[PDB]
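Both ligands and their constituent atoms are indexed starting at 1 by order of listing. First the proteins, then the strands, lettered A, B, ... as listed; each starts at 1.
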Amino acid sequence: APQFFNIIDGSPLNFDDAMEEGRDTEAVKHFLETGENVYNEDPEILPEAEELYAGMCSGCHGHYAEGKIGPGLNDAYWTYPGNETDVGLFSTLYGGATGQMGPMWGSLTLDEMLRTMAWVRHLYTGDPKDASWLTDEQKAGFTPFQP
Amino acid sequence: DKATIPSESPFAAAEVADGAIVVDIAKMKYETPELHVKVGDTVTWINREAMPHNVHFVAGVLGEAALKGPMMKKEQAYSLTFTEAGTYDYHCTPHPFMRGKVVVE
Amino acid sequence: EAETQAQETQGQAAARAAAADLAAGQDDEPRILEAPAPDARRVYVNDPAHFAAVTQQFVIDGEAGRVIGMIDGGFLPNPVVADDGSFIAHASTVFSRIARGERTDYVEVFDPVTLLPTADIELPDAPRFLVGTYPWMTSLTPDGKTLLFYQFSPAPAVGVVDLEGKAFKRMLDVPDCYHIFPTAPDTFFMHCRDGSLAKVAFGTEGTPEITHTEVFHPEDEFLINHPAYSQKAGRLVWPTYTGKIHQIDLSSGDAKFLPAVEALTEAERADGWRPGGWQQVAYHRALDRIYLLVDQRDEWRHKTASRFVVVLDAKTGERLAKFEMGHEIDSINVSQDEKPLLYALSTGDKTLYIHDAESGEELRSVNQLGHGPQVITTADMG
Amino acid sequence: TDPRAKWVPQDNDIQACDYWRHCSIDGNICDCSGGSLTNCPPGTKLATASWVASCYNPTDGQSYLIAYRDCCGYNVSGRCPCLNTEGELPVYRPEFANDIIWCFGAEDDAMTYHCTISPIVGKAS
Ligand code: HEC
Ligand SMILES: [Cu+2]
Ligand code: NA
């Protein structure tokens with residue numbers, strides 16, 4: 001089972017603060033058990049994932065996560081190294097980072113967080129071989145993002 | 001005139017004050033392209049890759065003369081304290097295609 | 001020091017005449033000669049001299065294989081020659097104390113016959129891009145009235161020099177693109193980092209019109225620094241590190257991408273053949289043929305000399321011939337007349353070998369051309 | 001030796017063109033005119049900007065990033081000339097292009113080429 005810690009102070013994340021809605025999906029259950037996000041490169045949820053990102057994240061991270069007043073999220077560099085893994089990315093969104101990048105549990109359901117995460121992974125512009133959050137099959141069909 | 005230089009030479013990133021305004025440089029880009037800060041703030045650039053980089057403001061931006069910042073090696077930092085409100089564009093000397101912007105308010 | 005068969009014949013003919021003149025009672029009355037009128041066979045060789053502070057350009061009659069004149073230049077100058085043979089010029093750089101002190105960037109224009117400068121135009125704020133000599137980093141507009149030069153730092157820009165009014169006009173801001181291919185008095189194309197071409201339309205005032213074409217090559221396909229461009233045909237011939245050739249037709253005023261062709265055969269590529277050198281490609285407008293310097297080499301030895309030249313039909317990509325040059329050749333070019341001459345310059349031998357562009361046979365050579373000759377320029381007077 | 005053959009690095013003589021750190025050097029080795037492997041000769045100006053290359057070190061089997069900074073404000077030295085292009089890309093990818101005179105940042109705006117140094121700036125790929 002994955003270890004879910006606040007990326008800043010290392011304290012255990014408290015899922016008791018999570019919204020009761022959207023904590024039951026197969027995606028969330030699978031994720032909390034394996035640390036694997038089944039929504040990655042899932043054609044069926046990407047359309048909604050894009051909308052979630054657009055309304056909640058684009059203002060600071062850019063239309064294509066290329067960065068704006070906030071840091072880019074579309075290449076292999078991460079201020080917080082753990083974000084190269086979905087367990088880490090999830091932890092960042094749930095527990096928050098610093099400054100205006102605070103916890104998202106008050107606005108997003110656990111399922112929505114996973115869907116938003118999937119869009120961030122889809123915006124990756126790096127080499128597919130470097131996308132360790134993708135399975136072999138997913139890597140085969142992945143193409144670095146381009147506007 | 002519109003900015004002061006805390007340190008003429010780059011320093012170890014470890015010396016960067018915690019919770020300081022930082023712009024990371026990696027994968028041939030300034031990770032935060034349009035940084036917004038307030039008058040008086042000190043911005044710190046930190047190179048995160050082997051490829052050397054620097055910040056360069058053409059003449060007439062921060063003063064009468066251009067400001068060719070020193071080249072930073074991996075894990076080195078360089079700071080600039082803006083004292084005047086305004087938008088300041090900059091680029092990387094050897095890599096003209098690398099551009100960034102600091103908006104002081 | 002060492003005479004080539006060509007200069008040996010010239011030296012003998014001159015001795016014969018001097019001896020006969022003396023015997024006939026003729027007196028010697030020294031004067032300053034004028035170079036013969038510019039023709040299709042005149043060829044120019046520039047010597048960057050391995051980055052020396054001062055350089056030289058040799059004016060050669062390709063038919064006789066004789067040096068008919070010279071021109072002094074500063075640090076890494078960019079030479080240009082009017083296709084109509086009305087003048088020659090270069091963008092140059094000098095310093096108050098040889099290689100240090102105050103720097104002066106300037107454009108000098110020369111009379112093609114007397115070789116005297118007819119204009120000296122200073123360029124404000126030393127804007128020249130100092131780099132190994134690339135013919136298309138400084139270009140003339142087809143009307144021959146404007147000279148355009150590239151600036152790399154602090155930002156990408158193209159300087160505009162009015163040769164007619166003998167004055168610097170202004171700097172044009174452009175995207176992250178390189179090289180300058182003029183197609184009209186007010187338009188030129190550049191090649192950009194993203195793989196597209198940029199069309200720049202400018203005027204005497206105001207910001208220029210910049211439009212991008214589609215991306216024509218991928219990130220991993222590398223286009224060499226020395227593409228061949230025929231302004232009169234509006235043809236841009238651009239080889240990649242592997243010999244694949246991209247041809248762009250700009251004769252309509254807009255970029256039209258022609259089908260790419262492989263300059264090397266399937267067997268040659270399999271045997272390790274790749275183009276290599278400085279000016280690796282040449283284009284003959286009238287015959288619509290492409291000449292490329294190639295040899296067997298490792299993938300990262302793309303700047304070494306080559307000993308072979310392959311010729312292909314630019315329209316179909318058909319292999320027409322492969323010449324064994326017999327020397328270490330760095331750069332090639334061709335005259336633009338009916339029966340073209342193939343110029344093969346050896347930086348190491350400091351010699352220009354002159355071949356028949358059809359048979360590949362070596363006709364004559366001119367040696368002692370500076371310290372490190374690299375660039376050949378010819379005019380398309382047709 | 002065939003100039004067209006694959007370049008083979010060595011780690012025993014810095015004044016030879018096949019010394020491993022010179023895998024993408026263009027010009028002259030500074031050590032031959034009063035400088036050293038990583039220092040400029042007296043009287044010249046040290047540039048800050050430069051093109052780089054990942055060079056393979058046969059001694060430890062690791063690849064290091066070399067920053068080819070030029071020593072400027074002097075006429076070319078004329079000693080120990082070398083031209084290697086391992087991983088060298090065209091001018092539109094300037095970060096790896098070596099025909100460019102990398103003198104930017106040198107004191108007194110010195111832009112003339114004298115020689116090139118081969119300092120390591122970090123580990124590569
Ligand atoms: C502006 C008010 C923001 C909004 C809305 C979102 N983010 Fe953000 N994010 C912001 C800042 C100023 C920072 C840097 C924080 C720090 O402590 O350094 C971040 C950072 C991230 C990260 C970490 C990136 C890294 O390099 O490790 C991630 C993964 C991230 N942000 C994601 C993210 C998503 C998915 C958002 C929409 C729900 C989102 N952010 C909104 C500022 C702002
Ligand atoms: Cu840079
Ligand atoms: Na990033």
Side-chain angles (χ1 to χ4, degrees), chain A residues 6-9 49-62 64-86 88-109 112-126 133, chain B residues 16 18-37 45-56 69 71-73 90-100, chain C residues 153, chain D residues 48-52 67 93-96 104 121:
Chain A
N6 178 289
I7 66 168
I8 298 300
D9 66 15
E50 170 175 45
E51 303 179 306
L52 246 34
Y53 176 85
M56 292 265 75
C57 331
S58 68
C60 296
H61 290 290
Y64 304 118
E66 69 274 42
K68 208 171 192 302
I69 72 279
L73 314 169
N74 70 352
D75 65 26
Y77 176 74
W78 299 99
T79 293
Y80 299 104
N83 287 333
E84 68 186 313
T85 73
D86 290 331
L89 177 52
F90 176 80
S91 295
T92 297
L93 293 184
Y94 192 89
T98 70
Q100 292 179 295
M101 184 60 209
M104 302 282 148
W105 55 259
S107 294
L108 296 170
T109 62
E112 297 179 312
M113 287 189 191
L114 294 181
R115 300 197 175 201
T116 299
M117 287 167 53
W119 187 251
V120 170
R121 296 306 190 195
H122 192 247
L123 290 172
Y124 185 62
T125 60
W133 53 82
Chain B
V16 178
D18 198 349
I21 304 179
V22 169
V23 172
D24 296 301
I25 305 178
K27 301 298 175 179
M28 303 300 279
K29 77 171 73 62
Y30 296 113
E31 295 295 0
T32 301
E34 186 185 306
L35 211 199
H36 280 260
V37 298
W45 283 271
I46 299 175
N47 188 5
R48 300 295 181 176
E49 66 184 343
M51 174 77 84
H53 301 289
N54 80 326
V55 295
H56 180 175
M71 289 296 282
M72 298 171 260
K73 288 160 62 175
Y90 63 94
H91 70 286
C92 187
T93 299
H95 314 147
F97 52 99
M98 275 181 77
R99 299 186 181 73
Chain C
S153 173
Chain D
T48 57
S50 73
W51 64 87
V52 302
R93 289 298 299 286
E95 62 265 38
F96 299 117
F104 302 112
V121 294

*At their closest point, which heavy atom of A:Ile69 faces which heavy atom of B:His36, and how far apart are they?*
CG2-CD2, 3.4 Å
*N/O to N/O below 3.5 Å, does that happen between A:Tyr80 and ligand 1?*
yes
_So that I can check it, does any N, O or S atom in A:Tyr77 come closer than 3.0 Å to the Na ion (ligand 3)?_
yes
*Do B:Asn54 and D:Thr48 pass the side chain to side chain donor-acceptor pair (under 3.5 Å) test, and can you show the C-alpha distance, the side-chain angles, and the key distance before you say yes or no?*
CA-CA 10 Å; B:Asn54 80 326; D:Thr48 57; 5.8 Å; no
*Is ligand 1 under 4.0 Å from a heavy atom in the side chain of A:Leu89, in the backbone, in both, or in neither?*
side chain
*Considering the options A:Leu52, A:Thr116, A:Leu93, which one meets the side-chain contact (heavy atoms from CB on, under 4.5 Å) requirement together with A:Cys57?*
A:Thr116
_With a cut-off of 2.8 Å, does B:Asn54 put an N/O/S atom close enough to the Cu ion (ligand 2)?_
no
*What is the distance from atom CG of B:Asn47 to atom OH of B:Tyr30, rounded to the nearest 0.5 Å?*
9.5 Å
*Side chain or backbone of A:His61 under 4.0 Å from ligand 1, or both, or neither, by non-hydrogen atoms?*
side chain
*Out of B:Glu49, B:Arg48, B:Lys27, which one pairs with A:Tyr77 under the side-chain hydrogen bond (donor to acceptor under 3.5 Å, both in side chains) rule?*
B:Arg48
*Distance (rounded to the nearest 0.5 Å) between A:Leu114 CG and A:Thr109 OG1*: 8.5 Å
_Just checking: A:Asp75, one of its N/O/S atoms, less than 3.0 Å away from the Na ion (ligand 3), yes or no?_
yes
*asked:* Working to 10°, measure the angle at the Cu ion (ligand 2) formed by atom ND1 of B:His95 and atom ND1 of B:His53.
replied: 110°
_Over 60° means perpendicular and under 30° means parallel, so tell me whether A:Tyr94 and A:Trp105 are parallel, tilted or perpendicular._
tilted
*Heavy-atom contact under 4.0 Å between A:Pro71 and ligand 1?*
yes
_atom 4 (C) of ligand 1 - nearest protein heavy atom and its distance_ = A:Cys60 SG, 3.3 Å
_Region of A:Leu73 that comes within reach of ligand 1 [heavy atoms, distance under 4.0 Å]_ = side chain
*Under-4.0 Å heavy-atom contact with ligand 1, by part of A:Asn83 that carries it*: side chain
*What atoms in ligand 1 come closer than 4.0 Å to a heavy atom of A:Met56?*
5 (C), 37 (C), 38 (C), 41 (C)
*Kindly confirm whether atom 8 (Fe) of ligand 1 is within less than 2.8 Å of some N/O/S atom in A:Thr92?*
no
